[PDB]
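A.B. asks: Following this message is one structure expressed as structure tokens.
Just so it is clear, none of the values below were taken in a lab; they were calculated from the coordinates. Note: ideal-geometry Cβ built from the backbone for every residue, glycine included; neighbour counts use all protein chains shown.
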Amino acid sequence: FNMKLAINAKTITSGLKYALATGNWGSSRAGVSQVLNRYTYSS
Amino acid sequence: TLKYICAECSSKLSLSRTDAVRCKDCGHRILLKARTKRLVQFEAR
Amino acid sequence: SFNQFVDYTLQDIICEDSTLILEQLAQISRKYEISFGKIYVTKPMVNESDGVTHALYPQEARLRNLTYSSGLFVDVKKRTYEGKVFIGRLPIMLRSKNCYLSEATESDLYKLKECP
Amino acid sequence: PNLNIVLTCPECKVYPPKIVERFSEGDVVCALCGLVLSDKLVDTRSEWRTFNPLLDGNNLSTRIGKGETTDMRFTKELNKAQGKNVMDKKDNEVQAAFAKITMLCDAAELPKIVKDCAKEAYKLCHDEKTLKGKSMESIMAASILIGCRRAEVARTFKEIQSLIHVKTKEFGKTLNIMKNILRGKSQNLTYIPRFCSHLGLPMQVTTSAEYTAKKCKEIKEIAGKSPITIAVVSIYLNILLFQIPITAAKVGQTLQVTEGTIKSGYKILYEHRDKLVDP
Amino acid sequence: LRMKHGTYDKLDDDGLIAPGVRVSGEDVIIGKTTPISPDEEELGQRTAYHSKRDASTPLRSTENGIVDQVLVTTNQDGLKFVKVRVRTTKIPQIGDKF
Amino acid sequence: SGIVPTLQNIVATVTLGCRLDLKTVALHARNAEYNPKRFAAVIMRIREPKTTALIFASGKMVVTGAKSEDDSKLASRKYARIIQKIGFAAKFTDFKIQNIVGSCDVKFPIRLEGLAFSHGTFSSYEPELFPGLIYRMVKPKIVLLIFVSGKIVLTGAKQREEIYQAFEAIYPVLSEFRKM
Amino acid sequence: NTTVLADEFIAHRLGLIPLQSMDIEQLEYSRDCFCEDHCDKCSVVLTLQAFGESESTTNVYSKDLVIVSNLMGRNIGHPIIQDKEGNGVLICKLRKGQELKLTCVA
Amino acid sequence: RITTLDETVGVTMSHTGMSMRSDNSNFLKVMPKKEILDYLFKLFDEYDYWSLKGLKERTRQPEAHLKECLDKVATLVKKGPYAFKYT
Ligand SMILES: [Zn+2]
Ligand SMILES: [Zn+2]
């Protein structure tokens, strides 16, 4: 047996990092996360 | 080789091709590029 | 909200299914089950391609196109029925309790090159 | 047949010609007379702007599933008609290799370039008398070490052995052939820093060892029988040059090394302490 | 093979301009080439080169102004990569929106 | 060259021509190591000539540790005589040496890195388990193990003569690759 | 120029710095000289060195322009100083370590 | 709240990757034809429904003598109840 074969970090890491990078909250939910807008401070 | 500058350590670097992209004195991995020497001309318009 | 998620909702997500079992039957039945205990979140950092791992500040993340996150770790009990484990990295919101900047001072924010 | 096209100004003809592509006009012109040779140029970045053959070759693929407008009496048979041609292809052992090694290098926390070289290093050899099976691990255990080192990241045999238990022997024979597979188809420095971080040390202690280990290597002291060990002694050499508690016993298990090789290795160091003086 | 009719002289040896250099439209900013097999395609005039097809990045066809700063790092995977920033001054003009 | 490839082991096969009672062979011998739980062959070490031999239920004996064709041959004849004293009419028939492995020295330090790197096609190296190079020759077909100490381990011949020929061929390579 | 201002930004401020031009008829329109674009018969040359030395900020003023071409006795080119502390127009600010060197042509 | 691990980042990740250590927590670690026939007749006589395993364990001798020499006067069925039975 080994944990390292069982526990697969690349599950979580790649999960969150993907639902942030695209807006696809998964799908079924898109545009949840957008590139921050820095035209001017108040925007 | 050409001059570079650490981003934080801020030391002139002068590495070459196939050297590590890495700063002495801090293994910081960001380098700027040591602005040109030839003069540059603007108009005060 | 993010602060709340990191403090509580993370832990309670883990411990709602803290265990999972497995039993095999013999001629006496061997049974296995794995526990999930405390959870630990580091301060943000990156593991460089060489192998080295070090703190990651938000400037460096933006320049080098990294992801500003910190690792997750949980304790486990393995149970044979008749230490802390990496599980992945949590992207951090800036200025949140777990971010390097959360408590930094102005004169320090300039040092890190972050607009106050 | 030769099926080949070449352009040349039929009114200069002087050369293998001097022509330029005016892209923004969709033209190619004789750079001498400016006769336009051929026009209606087709774009070259917009093409892939709207958007693995090195592995997946010519037998193509397409992920077939269930849409919104299908009931389970048609969906599951798409899962029951896709299963009739998985053995004419050895490609299960092709993809399930990649999927496995992808599952490996990724779980191993490795750069996604190594993943490719191993997705390569499998695919290039992928069947040989030397291979002839041999547990199908040792390659995915060596093609990674290949894919690792070939991607300029070197890891110890034990380190992969942690990932996959290869009996340490099925590894060795499989490696030799593999390396020679590419040679026919045709570096321990990497260990100093990955170790320092494993001990959580500032850069200078690691900074120095590159000088010391190279200098200890450069003159004499073959020293080591798998120089993995005599790497670490540089840290131990240099950590004692500093005064930071990494006591020998803590070193060992953290890096899974014999303690004996340290002190005896450090024998050649408590005596060679002469020439490592940079400051 | 397959170079851009824009100039390359503004580059340095390492395929980068240096901060301070005034550039104009259709000037190669980042010089990159991807090696090709001598016999990979033989497209046109490969028989003299055998080496490499260029993949440099030219400045936009309508922009200009001075390179402001150039930084060089490695991505997560230790691959070199570079970010060039170009600075322009926009003076109000006739069709501009206020 | 000027260096004789010094044999360290000769492994040879001897057909005694009888189905030997390996139990009685072990019983009537003076110091013989035979138990079925390791092999189906009585292993005898005779100090003169000091050779170690495994003799099977087929009566075939393979002999190792000899320092010559004649060390092994005389040892095998003594082995057959011992078997006949045991009670089986062993006979030296269709003998053949199946292996002649030797170690000698050329004594000049070698750029083993140069050979292995430039003869990657022929020789492979992973210096993190075993510091020796492996080299092949077809004429004569000798495989040679090389180490920085100058030791040459020549193997792959029924005779020391192929050892000699490939050594006369490979010593010039060694001197060519001599590190200094 | 390692200040915190862009060049064309600074260059634009230099243009607006009002120079002494009482005796300006004794100059010529730079498209009437035959010089290789400029000479003392058609232009005045100044220069500006500044270096941030104190730990405090250090201000560059128009009074720090120094003429480095032969005026030929004509009375032109000096930066007008209307103020009472005798510093003219503030041009830039410098923190220690920051440098500005440039050459202007009026 | 969470004990946000106060260590340096470098040390903690050391054990996550290839630490080359394991098993620190024990868990899922995982010949006479006369005598053979005399026992084979004994195997046949004592229990005609004599499976090979019940015979091989009772053989306690080389596998050759029990399986081969007994194959003549003992008939072994393959399927059904009295299968593999030296009856
Ligand atoms: Zn023409
Ligand atoms: Zn003039």
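A.B. asks: Please verify whether D:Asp116 is acidic (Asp, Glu), closer than 30 Å to B:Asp19 by Cα and either buried (at least 22 other Cβ atoms within 10 Å of the Cβ) or facing another protein chain (nearest Cβ under 10 Å) (or both), treating the condition exactly as stated.
C.D. replies: So D:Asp116 does not fit the description; no.
A.B. asks: If I filter region G:38-60 down to residues being in contact with a strand residue (DSSP E or B) (Cβ under 9 Å, 6 or more places away or on another chain) and assigned to a loop (DSSP other than H, G, I, E, B), which single residue comes out as nearest to ligand 1 (Cβ to nearest atom)?
C.D. replies: Among those that are in contact with a strand residue (DSSP E or B) (Cβ under 9 Å, 6 or more places away or on another chain) and assigned to a loop (DSSP other than H, G, I, E, B), it is G:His38.
A.B. asks: Could I ask something else about it? Among the listed residues F:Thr15, F:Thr24, identify the single one that is in contact with an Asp or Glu (Cβ under 7 Å, 6 or more places away or on another chain) and of a type outside the set (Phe, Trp, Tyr).
C.D. replies: Only one candidate qualifies: F:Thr15.
A.B. asks: Which of (1) in contact with a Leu (Cβ under 8 Å, 6 or more places away or on another chain); (2) over 30 Å from D:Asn188 (Cα atoms); (3) in a loop (DSSP other than H, G, I, E, B) is the odd one out, the single condition C:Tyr40 does not satisfy?
C.D. replies: Here C:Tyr40 clears every test but (3).
A.B. asks: Name every residue in region E:67-82 that is within 7 Å of another protein chain (Cβ to nearest Cβ) and in contact with a strand residue (DSSP E or B) (Cβ under 9 Å, 6 or more places away or on another chain), in order of residue number.
C.D. replies: Within region E:67-82, E:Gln69, E:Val70, E:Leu71, E:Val72, E:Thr73, E:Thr74, E:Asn75, E:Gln76, E:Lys80 qualify.
A.B. asks: Report the residue count in region G:13-58 for those that are away from ligand 2 (no atom under 11 Å from the Cβ), more than 16 Å from G:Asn70 (Cα to Cα), of a type outside the set (A, V, I, L, M, F, W, C) and within 14 Å of chain B (Cβ to nearest Cβ).
C.D. replies: Number satisfying all stated conditions: 3.
A.B. asks: Restricting to region A:1-38, name every residue that is part of a helix (DSSP H, G or I) and among the aliphatic types (A, V, I, L, M).
C.D. replies: Once the filter is applied, which keeps residues that are part of a helix (DSSP H, G or I) and among the aliphatic types (A, V, I, L, M), region A:1-38 yields A:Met3, A:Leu5, A:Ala6, A:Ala9, A:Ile12, A:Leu16, A:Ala19, A:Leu20, A:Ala21.
A.B. asks: Restricting attention to region H:1-46, report how many residues are in a helix (DSSP H, G or I), of a type outside the set (A, V, I, L, M, F, W, C) and within 7 Å of another protein chain (Cβ to nearest Cβ).
C.D. replies: 3
A.B. asks: Could you check, for region G:12-26, whether at least one of its residues is more than 30 Å from B:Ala34 (Cβ to Cβ), among the aliphatic types (A, V, I, L, M) and surrounded by 17 or more Cβ atoms within 10 Å (Cβ to Cβ)?
C.D. replies: Checked against the condition, which is being more than 30 Å from B:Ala34 (Cβ to Cβ), among the aliphatic types (A, V, I, L, M) and surrounded by 17 or more Cβ atoms within 10 Å (Cβ to Cβ), region G:12-26 yields at least one hit.
A.B. asks: Filter region D:206-231 for residues that are more than 14 Å from chain F (Cβ to nearest Cβ) and crowded, with 18+ Cβ neighbours inside 10 Å and give the result.
C.D. replies: The answer is D:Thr206, D:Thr207, D:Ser208, D:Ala209, D:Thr212, D:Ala213, D:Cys216.
A.B. asks: Which of (1) among the charged types (D, E, K, R); (2) away from ligand 1 (no atom under 16 Å from the Cβ); (3) closer than 25 Å to E:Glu41 by Cβ is the odd one out, the single condition D:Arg22 does not satisfy?
C.D. replies: All conditions pass for D:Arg22, except number (2).
A.B. asks: Inspect all residues belonging to region D:242-261 and state whether any of them is surrounded by fewer than 19 Cβ atoms within 10 Å (Cβ to Cβ), touching an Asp or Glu at 6+ places or on another chain (Cβ under 7 Å) and more than 14 Å from chain C (Cβ to nearest Cβ).
C.D. replies: yes
A.B. asks: If we only count strands (runs of 3 or more DSSP E) wholly inside region D:1-66, which ones have 3 or more residues that are within 14 Å of chain E (Cβ to nearest Cβ) and away from ligand 2 (no atom under 16 Å from the Cβ)?
C.D. replies: D:19-22, D:27-30
A.B. asks: Restricting to helices (runs of 4 or more DSSP H) lying wholly in region D:137-203: which have 3 or more residues that are more than 14 Å from chain C (Cβ to nearest Cβ)?
C.D. replies: Qualifying helices (runs of 4 or more DSSP H): D:137-150, D:157-163, D:170-185.
A.B. asks: Looking at B:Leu39, B:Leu31, can you tell me which residue is within 11 Å of chain G (Cβ to nearest Cβ) and of a type outside the set (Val, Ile, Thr)?
C.D. replies: B:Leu39
A.B. asks: May I ask you to say which residue of D:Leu35, D:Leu55 is surrounded by 10 or more Cβ atoms within 10 Å (Cβ to Cβ) and within 16 Å of ligand 1 (Cβ to nearest atom)?
C.D. replies: Only one candidate passes the filter, namely D:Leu35.
A.B. asks: Now for a different question. Within 13 Å of chain A (Cβ to nearest Cβ), closer than 30 Å to D:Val114 by Cα and in a loop (DSSP other than H, G, I, E, B) - does that describe any residue in region C:98-115?
C.D. replies: No: zero hits.
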